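protein_36.txt (compact mmCIF, N, CA and C atoms) appears below.
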# COMPACT_ATOMS: atom_id res chain seq x y z
N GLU A 4 -87.86 114.75 28.86
CA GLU A 4 -86.46 114.90 29.24
C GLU A 4 -86.15 116.34 29.62
N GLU A 5 -87.21 117.13 29.83
CA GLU A 5 -87.05 118.53 30.20
C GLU A 5 -88.40 119.17 30.51
N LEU A 6 -89.31 118.36 31.05
CA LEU A 6 -90.65 118.84 31.39
C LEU A 6 -91.05 118.38 32.79
N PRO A 7 -90.28 118.81 33.80
CA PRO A 7 -90.54 118.45 35.20
C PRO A 7 -91.80 119.11 35.74
N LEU A 8 -92.01 118.99 37.05
CA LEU A 8 -93.18 119.57 37.69
C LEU A 8 -93.29 121.06 37.39
N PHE A 9 -92.14 121.69 37.15
CA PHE A 9 -92.11 123.12 36.84
C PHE A 9 -93.03 123.44 35.67
N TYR A 10 -93.01 122.59 34.65
CA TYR A 10 -93.85 122.79 33.47
C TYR A 10 -95.31 123.01 33.87
N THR A 11 -95.73 122.35 34.94
CA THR A 11 -97.10 122.46 35.43
C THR A 11 -97.30 123.77 36.18
N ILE A 12 -96.25 124.23 36.85
CA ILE A 12 -96.32 125.48 37.61
C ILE A 12 -96.38 126.68 36.68
N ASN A 13 -95.73 126.57 35.53
CA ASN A 13 -95.72 127.65 34.55
C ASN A 13 -96.98 127.63 33.69
N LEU A 14 -97.64 126.48 33.65
CA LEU A 14 -98.86 126.32 32.87
C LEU A 14 -100.09 126.62 33.72
N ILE A 15 -99.98 126.39 35.02
CA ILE A 15 -101.08 126.63 35.94
C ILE A 15 -101.23 128.12 36.24
N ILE A 16 -100.10 128.82 36.27
CA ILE A 16 -100.10 130.26 36.54
C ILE A 16 -101.07 130.99 35.63
N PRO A 17 -100.87 130.85 34.31
CA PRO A 17 -101.72 131.49 33.30
C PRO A 17 -103.11 130.88 33.25
N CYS A 18 -103.21 129.60 33.60
CA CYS A 18 -104.49 128.90 33.60
C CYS A 18 -105.52 129.64 34.44
N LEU A 19 -105.05 130.28 35.51
CA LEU A 19 -105.94 131.02 36.40
C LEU A 19 -106.18 132.43 35.87
N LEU A 20 -105.11 133.11 35.49
CA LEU A 20 -105.21 134.47 34.96
C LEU A 20 -106.23 134.53 33.83
N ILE A 21 -106.23 133.52 32.97
CA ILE A 21 -107.15 133.46 31.85
C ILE A 21 -108.53 133.00 32.30
N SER A 22 -108.56 132.15 33.32
CA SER A 22 -109.82 131.63 33.84
C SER A 22 -110.62 132.73 34.53
N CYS A 23 -110.03 133.31 35.57
CA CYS A 23 -110.69 134.38 36.33
C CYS A 23 -111.02 135.56 35.42
N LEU A 24 -110.16 135.80 34.44
CA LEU A 24 -110.36 136.90 33.50
C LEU A 24 -111.75 136.84 32.88
N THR A 25 -112.08 135.70 32.28
CA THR A 25 -113.38 135.52 31.65
C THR A 25 -114.51 135.76 32.65
N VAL A 26 -114.32 135.30 33.88
CA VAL A 26 -115.32 135.47 34.93
C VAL A 26 -115.46 136.94 35.32
N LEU A 27 -114.36 137.68 35.24
CA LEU A 27 -114.36 139.10 35.59
C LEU A 27 -115.39 139.86 34.76
N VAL A 28 -115.23 139.82 33.44
CA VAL A 28 -116.14 140.51 32.54
C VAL A 28 -117.57 139.99 32.71
N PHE A 29 -117.69 138.73 33.10
CA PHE A 29 -119.00 138.12 33.31
C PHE A 29 -119.61 138.57 34.63
N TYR A 30 -118.77 139.06 35.53
CA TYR A 30 -119.22 139.52 36.84
C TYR A 30 -119.77 140.94 36.75
N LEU A 31 -118.94 141.85 36.25
CA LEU A 31 -119.34 143.25 36.12
C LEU A 31 -119.16 143.73 34.68
N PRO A 32 -120.01 143.22 33.78
CA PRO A 32 -119.98 143.58 32.36
C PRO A 32 -120.43 145.02 32.11
N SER A 33 -119.46 145.93 32.03
CA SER A 33 -119.76 147.34 31.80
C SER A 33 -120.48 147.53 30.47
N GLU A 34 -119.86 147.07 29.39
CA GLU A 34 -120.44 147.19 28.06
C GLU A 34 -120.89 145.83 27.54
N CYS A 35 -121.88 145.85 26.65
CA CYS A 35 -122.41 144.62 26.07
C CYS A 35 -121.43 144.03 25.06
N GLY A 36 -120.41 144.80 24.71
CA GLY A 36 -119.42 144.34 23.75
C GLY A 36 -118.18 143.78 24.42
N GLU A 37 -118.10 143.93 25.74
CA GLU A 37 -116.96 143.44 26.50
C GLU A 37 -116.79 141.94 26.32
N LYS A 38 -117.90 141.25 26.07
CA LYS A 38 -117.88 139.80 25.88
C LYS A 38 -116.87 139.41 24.81
N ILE A 39 -117.02 139.97 23.62
CA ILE A 39 -116.12 139.68 22.51
C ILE A 39 -114.70 140.16 22.82
N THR A 40 -114.60 141.24 23.59
CA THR A 40 -113.31 141.79 23.96
C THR A 40 -112.48 140.78 24.74
N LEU A 41 -113.12 140.08 25.66
CA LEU A 41 -112.44 139.08 26.48
C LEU A 41 -112.09 137.85 25.65
N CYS A 42 -113.00 137.45 24.77
CA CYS A 42 -112.79 136.29 23.91
C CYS A 42 -111.51 136.45 23.10
N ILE A 43 -111.35 137.61 22.48
CA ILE A 43 -110.17 137.88 21.66
C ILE A 43 -108.91 137.95 22.52
N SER A 44 -109.06 138.46 23.74
CA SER A 44 -107.94 138.57 24.66
C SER A 44 -107.33 137.20 24.96
N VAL A 45 -108.18 136.26 25.35
CA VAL A 45 -107.73 134.91 25.66
C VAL A 45 -107.03 134.27 24.47
N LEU A 46 -107.53 134.56 23.27
CA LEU A 46 -106.94 134.02 22.05
C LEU A 46 -105.48 134.43 21.91
N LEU A 47 -105.22 135.72 22.09
CA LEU A 47 -103.86 136.25 21.99
C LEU A 47 -102.91 135.47 22.90
N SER A 48 -103.28 135.36 24.17
CA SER A 48 -102.46 134.65 25.14
C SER A 48 -102.33 133.17 24.76
N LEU A 49 -103.45 132.55 24.44
CA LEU A 49 -103.47 131.14 24.06
C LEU A 49 -102.50 130.88 22.91
N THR A 50 -102.46 131.79 21.95
CA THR A 50 -101.58 131.66 20.80
C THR A 50 -100.16 132.09 21.15
N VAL A 51 -100.03 132.92 22.18
CA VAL A 51 -98.72 133.41 22.61
C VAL A 51 -97.95 132.32 23.34
N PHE A 52 -98.58 131.72 24.35
CA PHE A 52 -97.95 130.67 25.13
C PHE A 52 -97.79 129.40 24.30
N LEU A 53 -98.65 129.23 23.31
CA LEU A 53 -98.61 128.06 22.44
C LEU A 53 -97.30 128.02 21.65
N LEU A 54 -97.03 129.10 20.91
CA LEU A 54 -95.81 129.19 20.11
C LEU A 54 -94.58 128.96 20.97
N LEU A 55 -94.58 129.53 22.17
CA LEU A 55 -93.46 129.39 23.09
C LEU A 55 -93.10 127.92 23.29
N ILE A 56 -94.12 127.09 23.48
CA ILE A 56 -93.92 125.66 23.68
C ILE A 56 -93.31 125.01 22.44
N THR A 57 -93.61 125.58 21.27
CA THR A 57 -93.09 125.06 20.01
C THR A 57 -91.66 125.52 19.78
N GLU A 58 -91.19 126.45 20.61
CA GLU A 58 -89.83 126.97 20.49
C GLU A 58 -88.85 126.09 21.26
N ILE A 59 -89.27 125.63 22.43
CA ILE A 59 -88.42 124.78 23.26
C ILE A 59 -88.39 123.35 22.74
N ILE A 60 -89.39 123.00 21.94
CA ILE A 60 -89.48 121.66 21.37
C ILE A 60 -89.36 120.59 22.45
N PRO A 61 -90.43 120.43 23.25
CA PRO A 61 -90.47 119.45 24.33
C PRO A 61 -90.53 118.02 23.81
N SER A 62 -90.91 117.86 22.55
CA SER A 62 -91.01 116.55 21.93
C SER A 62 -90.80 116.64 20.42
N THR A 63 -89.71 116.05 19.94
CA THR A 63 -89.40 116.06 18.52
C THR A 63 -89.69 114.71 17.88
N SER A 64 -90.60 113.95 18.49
CA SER A 64 -90.96 112.63 17.98
C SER A 64 -91.93 112.75 16.81
N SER A 65 -92.24 111.62 16.18
CA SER A 65 -93.14 111.60 15.04
C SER A 65 -94.53 112.09 15.44
N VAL A 66 -95.17 111.36 16.35
CA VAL A 66 -96.50 111.72 16.82
C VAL A 66 -96.63 111.51 18.33
N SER A 67 -97.84 111.68 18.84
CA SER A 67 -98.10 111.52 20.27
C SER A 67 -97.29 112.52 21.09
N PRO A 68 -97.71 113.79 21.04
CA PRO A 68 -97.03 114.87 21.77
C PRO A 68 -97.23 114.76 23.28
N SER A 69 -96.71 115.73 24.02
CA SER A 69 -96.83 115.74 25.47
C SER A 69 -97.95 116.67 25.92
N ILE A 70 -97.75 117.97 25.71
CA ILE A 70 -98.74 118.97 26.09
C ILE A 70 -99.90 119.00 25.10
N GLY A 71 -99.70 118.37 23.94
CA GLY A 71 -100.74 118.33 22.93
C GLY A 71 -102.07 117.85 23.47
N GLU A 72 -102.01 117.02 24.51
CA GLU A 72 -103.22 116.48 25.13
C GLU A 72 -103.81 117.47 26.12
N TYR A 73 -102.95 118.27 26.74
CA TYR A 73 -103.39 119.26 27.71
C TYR A 73 -103.96 120.50 27.02
N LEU A 74 -103.14 121.12 26.18
CA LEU A 74 -103.56 122.32 25.45
C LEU A 74 -104.87 122.07 24.72
N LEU A 75 -105.08 120.84 24.28
CA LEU A 75 -106.29 120.47 23.56
C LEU A 75 -107.48 120.36 24.52
N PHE A 76 -107.26 119.69 25.64
CA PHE A 76 -108.31 119.52 26.64
C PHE A 76 -108.84 120.87 27.12
N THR A 77 -107.92 121.78 27.43
CA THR A 77 -108.29 123.11 27.90
C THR A 77 -109.05 123.88 26.82
N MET A 78 -108.49 123.92 25.62
CA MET A 78 -109.11 124.62 24.51
C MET A 78 -110.50 124.06 24.23
N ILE A 79 -110.64 122.75 24.35
CA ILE A 79 -111.92 122.09 24.11
C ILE A 79 -112.91 122.39 25.22
N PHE A 80 -112.42 122.43 26.45
CA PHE A 80 -113.26 122.71 27.61
C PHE A 80 -113.75 124.15 27.59
N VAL A 81 -112.81 125.09 27.55
CA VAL A 81 -113.14 126.51 27.52
C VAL A 81 -114.07 126.84 26.35
N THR A 82 -113.99 126.03 25.30
CA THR A 82 -114.81 126.23 24.12
C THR A 82 -116.28 125.95 24.42
N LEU A 83 -116.58 124.71 24.80
CA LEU A 83 -117.94 124.31 25.11
C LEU A 83 -118.51 125.17 26.24
N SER A 84 -117.63 125.69 27.08
CA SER A 84 -118.05 126.53 28.20
C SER A 84 -118.70 127.82 27.70
N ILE A 85 -118.02 128.50 26.78
CA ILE A 85 -118.53 129.75 26.22
C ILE A 85 -119.83 129.52 25.46
N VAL A 86 -120.03 128.29 25.00
CA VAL A 86 -121.23 127.93 24.26
C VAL A 86 -122.43 127.78 25.19
N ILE A 87 -122.24 127.00 26.25
CA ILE A 87 -123.30 126.77 27.22
C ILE A 87 -123.58 128.03 28.04
N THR A 88 -122.52 128.70 28.46
CA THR A 88 -122.65 129.92 29.25
C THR A 88 -123.43 130.98 28.49
N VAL A 89 -123.27 131.00 27.17
CA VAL A 89 -123.96 131.97 26.33
C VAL A 89 -125.43 131.61 26.18
N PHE A 90 -125.71 130.32 26.02
CA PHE A 90 -127.08 129.85 25.86
C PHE A 90 -127.85 129.97 27.17
N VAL A 91 -127.30 129.40 28.24
CA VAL A 91 -127.94 129.45 29.55
C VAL A 91 -128.29 130.88 29.93
N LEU A 92 -127.45 131.82 29.53
CA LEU A 92 -127.67 133.23 29.84
C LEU A 92 -128.51 133.90 28.75
N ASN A 93 -128.55 133.27 27.57
CA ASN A 93 -129.31 133.80 26.45
C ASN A 93 -130.81 133.72 26.73
N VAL A 94 -131.24 132.61 27.32
CA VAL A 94 -132.65 132.41 27.64
C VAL A 94 -132.83 131.23 28.58
N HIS A 95 -133.90 131.27 29.38
CA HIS A 95 -134.19 130.20 30.32
C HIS A 95 -135.59 129.64 30.09
N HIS A 96 -135.68 128.59 29.28
CA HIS A 96 -136.96 127.96 28.97
C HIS A 96 -137.34 126.95 30.06
N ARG A 97 -136.35 126.19 30.52
CA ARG A 97 -136.58 125.19 31.55
C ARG A 97 -135.77 125.50 32.80
N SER A 98 -136.17 124.91 33.93
CA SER A 98 -135.48 125.12 35.19
C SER A 98 -135.20 123.80 35.89
N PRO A 99 -134.24 123.81 36.83
CA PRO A 99 -133.86 122.62 37.60
C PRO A 99 -134.95 122.19 38.57
N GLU A 100 -135.48 123.15 39.33
CA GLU A 100 -136.53 122.86 40.30
C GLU A 100 -137.10 124.16 40.88
N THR A 101 -136.21 125.11 41.16
CA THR A 101 -136.63 126.39 41.72
C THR A 101 -137.32 127.25 40.67
N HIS A 102 -138.18 128.15 41.13
CA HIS A 102 -138.91 129.04 40.23
C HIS A 102 -138.88 130.48 40.74
N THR A 103 -139.38 130.67 41.96
CA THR A 103 -139.42 132.00 42.57
C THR A 103 -138.08 132.34 43.23
N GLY A 104 -137.80 133.63 43.35
CA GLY A 104 -136.56 134.06 43.97
C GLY A 104 -135.34 133.49 43.27
N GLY A 105 -134.88 134.18 42.22
CA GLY A 105 -133.72 133.72 41.49
C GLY A 105 -132.81 134.86 41.08
N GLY A 106 -131.56 134.53 40.76
CA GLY A 106 -130.60 135.54 40.37
C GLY A 106 -129.94 136.21 41.55
N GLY A 107 -129.02 135.49 42.20
CA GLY A 107 -128.32 136.04 43.35
C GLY A 107 -127.06 135.27 43.68
N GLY A 108 -127.15 133.94 43.67
CA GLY A 108 -126.00 133.11 43.97
C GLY A 108 -125.44 132.43 42.74
N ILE A 109 -125.95 132.80 41.58
CA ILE A 109 -125.49 132.22 40.32
C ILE A 109 -124.13 132.77 39.92
N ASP A 110 -123.83 133.98 40.38
CA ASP A 110 -122.55 134.62 40.08
C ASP A 110 -121.43 134.01 40.91
N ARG A 111 -121.66 133.86 42.20
CA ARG A 111 -120.67 133.29 43.10
C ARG A 111 -120.36 131.84 42.73
N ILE A 112 -121.40 131.08 42.42
CA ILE A 112 -121.24 129.68 42.04
C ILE A 112 -120.63 129.56 40.65
N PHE A 113 -120.90 130.54 39.80
CA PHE A 113 -120.38 130.54 38.44
C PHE A 113 -118.86 130.44 38.44
N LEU A 114 -118.21 131.42 39.06
CA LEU A 114 -116.76 131.45 39.13
C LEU A 114 -116.23 130.28 39.96
N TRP A 115 -117.06 129.77 40.86
CA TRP A 115 -116.68 128.65 41.70
C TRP A 115 -116.51 127.38 40.88
N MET A 116 -117.23 127.30 39.76
CA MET A 116 -117.15 126.14 38.89
C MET A 116 -115.89 126.18 38.04
N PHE A 117 -115.64 127.32 37.40
CA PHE A 117 -114.47 127.48 36.55
C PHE A 117 -113.20 127.09 37.30
N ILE A 118 -113.11 127.50 38.56
CA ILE A 118 -111.95 127.19 39.39
C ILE A 118 -112.02 125.76 39.92
N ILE A 119 -113.22 125.20 39.95
CA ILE A 119 -113.42 123.84 40.43
C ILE A 119 -112.85 122.83 39.45
N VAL A 120 -112.89 123.16 38.16
CA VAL A 120 -112.38 122.28 37.12
C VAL A 120 -110.88 122.48 36.92
N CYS A 121 -110.41 123.70 37.18
CA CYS A 121 -109.00 124.02 37.03
C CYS A 121 -108.15 123.18 37.97
N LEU A 122 -108.54 123.13 39.23
CA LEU A 122 -107.81 122.36 40.23
C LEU A 122 -108.11 120.87 40.09
N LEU A 123 -109.39 120.52 40.16
CA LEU A 123 -109.80 119.12 40.04
C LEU A 123 -109.22 118.49 38.78
N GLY A 124 -109.48 119.11 37.64
CA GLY A 124 -108.98 118.60 36.38
C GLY A 124 -107.48 118.36 36.41
N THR A 125 -106.74 119.34 36.90
CA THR A 125 -105.29 119.23 36.98
C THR A 125 -104.87 118.06 37.86
N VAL A 126 -105.43 118.00 39.07
CA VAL A 126 -105.12 116.93 40.00
C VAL A 126 -105.46 115.56 39.41
N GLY A 127 -106.72 115.39 39.02
CA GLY A 127 -107.15 114.14 38.44
C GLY A 127 -106.27 113.69 37.29
N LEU A 128 -105.73 114.65 36.56
CA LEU A 128 -104.86 114.35 35.42
C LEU A 128 -103.51 113.83 35.90
N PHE A 129 -103.02 114.37 37.01
CA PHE A 129 -101.74 113.96 37.57
C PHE A 129 -101.79 112.50 38.03
N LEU A 130 -102.99 112.04 38.38
CA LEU A 130 -103.18 110.67 38.84
C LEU A 130 -102.25 110.36 40.02
N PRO A 131 -102.57 110.94 41.19
CA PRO A 131 -101.78 110.74 42.41
C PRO A 131 -101.92 109.32 42.96
N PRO A 132 -101.05 108.97 43.92
CA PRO A 132 -101.06 107.65 44.55
C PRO A 132 -102.28 107.44 45.44
N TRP A 133 -102.71 108.50 46.10
CA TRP A 133 -103.86 108.43 46.99
C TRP A 133 -105.14 108.16 46.20
N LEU A 134 -105.15 108.59 44.95
CA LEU A 134 -106.32 108.40 44.08
C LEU A 134 -106.00 107.41 42.96
N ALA A 135 -104.85 106.76 43.06
CA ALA A 135 -104.44 105.79 42.06
C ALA A 135 -105.29 104.52 42.14
N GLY A 136 -105.28 103.88 43.30
CA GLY A 136 -106.05 102.67 43.48
C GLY A 136 -106.73 102.61 44.83
N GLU A 137 -105.95 102.37 45.88
CA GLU A 137 -106.49 102.29 47.23
C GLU A 137 -107.02 103.65 47.69
Show the structure stored in the file as structure tokens.
Amino acid sequence: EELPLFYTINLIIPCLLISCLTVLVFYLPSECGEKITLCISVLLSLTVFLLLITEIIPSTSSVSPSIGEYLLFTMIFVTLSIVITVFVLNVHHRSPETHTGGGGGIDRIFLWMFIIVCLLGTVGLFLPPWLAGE
């Protein structure tokens, strides 16, 4: 009763700032400790925007919240991401197929994925008419 399309515009704005942010430090990591620095940064914002939503009270029902499904999906996604991204970069025991000539387009494709889920995920969640059935 007060969460129009705008709610998505205000949630998508930060979704990118926090997304690209993580990729930034991963692109040009000056210090080896910058990793943890970014992790804590996202937490502050995540907890900052979170409380805000609890102030407007978008849903005062018993259970089954509104954004509760979104904030959870993102937190869960970004979570497993930092886990795999850390391992994949921690060591490479196995490979997809290539062996020689590596380490060049992994950076460009890396950030390309984070943004690929941000848009795709958002759209797919909206469940448009063009992708509804026909």
Quick one: contact table of stretch 28-94 of chain A to stretch 10-21 of chain A, 10 Å max, nearest atom pair and distance in Å to one decimal per residue, counting only C-alpha atoms, chain and number order, as a Markdown table?
| residue | atom | partner | partner_atom | distance |
| --- | --- | --- | --- | --- |
| A:41 | CA | A:21 | CA | 9.4 |
| A:44 | CA | A:21 | CA | 8.9 |
| A:45 | CA | A:21 | CA | 6.4 |
| A:46 | CA | A:21 | CA | 9.8 |
| A:48 | CA | A:21 | CA | 8.3 |
| A:49 | CA | A:21 | CA | 8.9 |
| A:52 | CA | A:14 | CA | 8.9 |
| A:70 | CA | A:10 | CA | 9.6 |
| A:73 | CA | A:14 | CA | 9.8 |
| A:74 | CA | A:14 | CA | 9.7 |
| A:77 | CA | A:18 | CA | 9.0 |
Take the selection from the previous step and output its residues with N, CA and C atoms, as a CSV table (one decimal), in the frame of the given file.
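The result, stored in out01.csv:
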chain,number,residue,atom,x,y,z
A,41,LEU,N,-113.1,140.1,25.7
A,41,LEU,CA,-112.4,139.1,26.5
A,41,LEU,C,-112.1,137.8,25.6
A,44,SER,N,-109.1,138.5,23.7
A,44,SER,CA,-107.9,138.6,24.7
A,44,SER,C,-107.3,137.2,25.0
A,45,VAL,N,-108.2,136.3,25.4
A,45,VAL,CA,-107.7,134.9,25.7
A,45,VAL,C,-107.0,134.3,24.5
A,46,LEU,N,-107.5,134.6,23.3
A,46,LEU,CA,-106.9,134.0,22.0
A,46,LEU,C,-105.5,134.4,21.9
A,48,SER,N,-103.3,135.4,24.2
A,48,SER,CA,-102.5,134.6,25.1
A,48,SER,C,-102.3,133.2,24.8
A,49,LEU,N,-103.4,132.6,24.4
A,49,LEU,CA,-103.5,131.1,24.1
A,49,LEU,C,-102.5,130.9,22.9
A,52,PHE,N,-98.6,131.7,24.4
A,52,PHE,CA,-98.0,130.7,25.1
A,52,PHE,C,-97.8,129.4,24.3
A,70,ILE,N,-97.8,118.0,25.7
A,70,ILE,CA,-98.7,119.0,26.1
A,70,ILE,C,-99.9,119.0,25.1
A,73,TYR,N,-103.0,118.3,26.7
A,73,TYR,CA,-103.4,119.3,27.7
A,73,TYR,C,-104.0,120.5,27.0
A,74,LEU,N,-103.1,121.1,26.2
A,74,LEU,CA,-103.6,122.3,25.4
A,74,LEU,C,-104.9,122.1,24.7
A,77,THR,N,-107.9,121.8,27.4
A,77,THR,CA,-108.3,123.1,27.9
A,77,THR,C,-109.0,123.9,26.8
Report task. Take atom C of residue A:114 and atom C of residue A:86 and report the distance between them in Å, one decimal. Result ->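 Atom-to-atom, atom C of residue A:114 to atom C of residue A:86, that is 16.2 Å.
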Query raised in the report: Just how far from atom C of residue A:123 is atom CA of residue A:61, in Å to one decimal?
Result: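 A separation of 23.7 Å between them.
The closest residue to residue A:56, picked from A:43, A:6, A:22, A:31 and counting only C-alpha atoms, is A:6.
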Query - stretch 26-124 of chain A: residues DSSP assigns to alpha helix (DSSP H), reported as a PyMOL selection string - result: chain A and resi 26-30+37-59+71-93+109-124
Query raised in the report: In Å, with one decimal, what is the gap from atom N of residue A:98 to atom CA of residue A:115?
Result: 21.3 Å
